[PDB]
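Chemist: Got a structure here, written out as structure tokens. Questions coming.
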Amino acid sequence: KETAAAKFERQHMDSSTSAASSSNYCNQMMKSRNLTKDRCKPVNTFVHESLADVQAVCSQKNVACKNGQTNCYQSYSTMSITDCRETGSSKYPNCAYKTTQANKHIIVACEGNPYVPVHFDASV
């Protein structure tokens, strides 16, 4: 099994690029990060910032998670992100994703000691 922290890193961190390179960014990353193995993960965001910067969000603006949890945090500033969302031409095993680049606040849920992101709630 994966730690929640490591699963967040695998699903949501891409510090290697300042932003999505091509329209094929999502198809490549969703596969690469093993998010299309059992099924097409329907929605998933990658954050193009350093891991320290994203971890730092756990000490930023305390907000509610969409399900009502109290351990969500909104980043004070916007971040470079890529939203990956399954499109109409997508059918497992042939997953197809729309790539949408944006610069927005992120909201994550945090847990543990050290207190780190374990869930990507939303972007605003």
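Residue numbering for chain A follows Swiss-Prot, covering 27-150 in order.
Using the three backbone atoms N, Cα and C, a Cβ is placed for every residue, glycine included.
Okay, so Swiss-Prot annotates it like this:
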- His38: active site, proton acceptor (ACT_SITE)
- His145: active site, proton donor (ACT_SITE)
- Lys33, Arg36, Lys67, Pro68, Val69, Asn70, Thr71, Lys92, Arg111: substrate binding site (BINDING)
- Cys52-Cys110: disulfide bond (DISULFID)
- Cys66-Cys121: disulfide bond (DISULFID)
- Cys84-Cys136: disulfide bond (DISULFID)
- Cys91-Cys98: disulfide bond (DISULFID)
- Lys27: glycation site (CARBOHYD)
- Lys33: glycation site (CARBOHYD)
- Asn60: N-linked glycosylation site (CARBOHYD)
- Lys63: glycation site (CARBOHYD)
- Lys67: glycation site (CARBOHYD)
Chemist: When DSSP is mapped onto helix/strand/coil, what comes out for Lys67 (substrate binding site)?
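Modeler: Where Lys67 (substrate binding site) sits, the three-state DSSP reduction gives coil.
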Chemist: Residues with Cβ closer than 8 Å to the Cβ of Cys136 (disulfide bond), same chain and 6+ apart in sequence?
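Modeler: Sequence-distant Cβ neighbours: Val83, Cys84, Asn97, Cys98, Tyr99, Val142, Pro143, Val144.
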Chemist: Taking the Cα of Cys121 (disulfide bond) as the centre, which of the recorded positions listed as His38, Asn60, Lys67, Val69, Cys110, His145 lie within 10 Å of it?
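Modeler: Final answer, ordered: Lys67.
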Chemist: Quick one: of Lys33, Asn60, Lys63, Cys66, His145, which recorded positions lie within 10 angstroms of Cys110 (disulfide bond), measuring between C-alpha atoms? Sequence order, please.
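Modeler: Taking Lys33, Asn60, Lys63, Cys66, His145 one by one, none has a Cα falling within 10 Å of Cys110 (disulfide bond).
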Chemist: What subset of the recorded positions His38, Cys91, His145 lies within 10 angstroms of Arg111 (substrate binding site) at the C-alpha level?
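Modeler: Cα filter at 10 Å returns nothing.
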Chemist: Taking Cα atoms as reference points, which of the recorded positions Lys27, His38, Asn60, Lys63, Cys66 is nearest to the residue listed as 'active site, proton donor'?
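Modeler: Spatially nearest to the residue listed as 'active site, proton donor' by Cα position is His38.
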Chemist: So, in DSSP terms, is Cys84 (disulfide bond) helix, strand, or coil?
Modeler: helix
Chemist: May I ask for the distance between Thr71 (substrate binding site) and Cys52 (disulfide bond), taken between their Cα atoms and rounded to an integer number of Å?
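Modeler: Roughly 9 Å, rounded to the nearest whole number.
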Chemist: Taking the Cβ of each of the disulfide-bonded residues and counting other Cβ atoms inside 10 Å, which one has the highest number: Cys52, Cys121?
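Modeler: Highest number of other Cβ atoms within 10 Å: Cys52.
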Chemist: Can you see whether DSSP assigns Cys52 (disulfide bond) to helix, strand or coil?
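Modeler: SS state of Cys52 (disulfide bond) = helix.
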Chemist: I'd like to know which of these recorded positions, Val69, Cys84, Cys98, is least surrounded, judged by other CB atoms within 10 A.
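Modeler: Least crowded of the recorded positions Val69, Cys84, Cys98, by Cβ count within 10 Å, is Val69.
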Chemist: So among the disulfide-bonded residues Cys66, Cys91, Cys110, who's got the most Cβ atoms within 10 Å?
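Modeler: When each Cβ's neighbours within 10 Å are tallied, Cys110 tops the list.
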